[PDB]
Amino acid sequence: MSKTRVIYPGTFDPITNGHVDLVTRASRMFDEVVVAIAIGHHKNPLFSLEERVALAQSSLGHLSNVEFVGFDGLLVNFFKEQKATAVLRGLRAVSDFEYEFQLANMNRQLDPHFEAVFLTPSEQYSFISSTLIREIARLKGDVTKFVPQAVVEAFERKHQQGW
């Protein structure tokens, strides 16, 4: 009867209906969920940390047991700092599965308390990824069906400006 705390790390660049499904599913099984948004210094997220957090808070803030935090560094250092029970990840495809298996084993070797649990997407989100959504929006496609409305607007406002 100890409290459970799971971290869902990601770039969330941007958040999609698939991530929303995962976090909702997880919020029913664990006491606390942390949506952990990897800053990506030596990477190049299209959306800033502030935009990514706001887009996440706008789709998931209605769930009382969900928190939103930016992080960088080693996922296992964040894991220790957060006092987490586990990391959560979604597995969409075979390449996801192989990479995630390797990472779980590497993290367990860096921290023996480390744990990773996985969810499988509902089939209505199995074909949605952040990368593909970026590609369609860039080419002026409609992403309304795959992402929350606030993300649709954020793509319009990214066009409107230039950064």
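We call the rigid core whatever largest set of C-alpha positions still superposes within 1.5 Å between the two forms. Counting begins at 1, following the sequence as shown.
- Here the rigid core sets the fit, and in 6 other deposited structures of this protein the C-alphas of 91 to 99 stray farther than those of the other stretch, out of 115 to 123 and 91 to 99.
- In terms of root mean square C-alpha deviation after superposing on the rigid core in 6 other deposited structures of this protein, the stretch standing farther out between 39 to 47 and 53 to 61 is 39 to 47.
- 41 to 49 and 130 to 138 differ in mean CA B-factor, and the higher of the two is recorded for 41 to 49.
- Between the residues 106, 94, 26, 56, the entry's highest C-alpha temperature factor is the one at 94.
- Sorting the modelled residues of the chain by their CA temperature factor places residue 68 in the middle third.
- Annotation for residue 118: C-alpha temperature factor in the lowest third relative to the rest of the modelled chain, per the entry.
- Residue 88: CA B factor lies in the lowest third for its chain, per the PDB record.
- Ranked by Cα temperature factor within the chain, residue 149 sits in the highest third according to the deposited record.
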